[PDB]
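Just one chain is shown here, as structure tokens, and it is the form deposited in one PDB entry.
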């Protein structure tokens, strides 16, 4: 029975659902037995940039509440020199853990999910945020709706329970020596996964070879034929290596796959 107070409200810890570094995530209950997620960061051991990255994510999360329900809700928060508590809506499971259950995916639900994702990413792009880290774990399933969790700004924690370079756009790699199109590529890999059960480059074990294959236009991404030909078209337009050629999000919003 470990509790937490945030802005004068007590929450009881059900379990820890993720942790890393100076930070933790818990499922909690208020006194009315309503469930929430609480994200905790210990600033006492936090570094400086962790601090500013964490102030930026919180402000953006707050600003964007009004604009989309495909962004996770921040109900309240507390910041001190010592700690951060963030009280957020609690979801059922993240999209990465659910895809690992290896079950059939309803093509109708795959497209409903794809829609939610596009809506959430489109919303952050409208405010000038390009996520750059998009992965299934950035998405939370709440009442059959996908909701975006983070903005890619603050660093990450790692999931806990009681029981990857794969999404990297070729631009990012050549950049070793940023476009909203970067998110399209990553989103593309995610839809690719909900379609073919694997990521485009997943097969390559050696990470050097894999980073090369992503940037090598002579490396052909497979697109097996499937009942939905328009989905197949979405995959191909998301997965073009040339960001200028790659489809944008507002176009993806108008595509037959989500509109029909």
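Shifts are known only where both forms have a C-alpha. For the two forms, the rigid core is made up of the largest set of C-alpha atoms that agree within 1.5 Å on superposition. Residue numbers count along the first chain shown, from 1.
One more form of this protein should be noted, the form deposited in another entry, which is absent from this view; the next part is about it.
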Choose, among 49, 62, 42, 207, the residue with a C-alpha displacement of 2 Å or more between this form and the one not shown when the rigid core is used for superposition.
49
Aligning on the rigid core, do we see the C-alpha of residue 102 shift 2 angstroms or more between this form and the one not shown?
yes
Suppose the core is superposed; which segments, at least 3 residues long, show C-alpha displacements of 2 Å or more throughout between this form and the one not shown?
45 to 50, 102 to 104
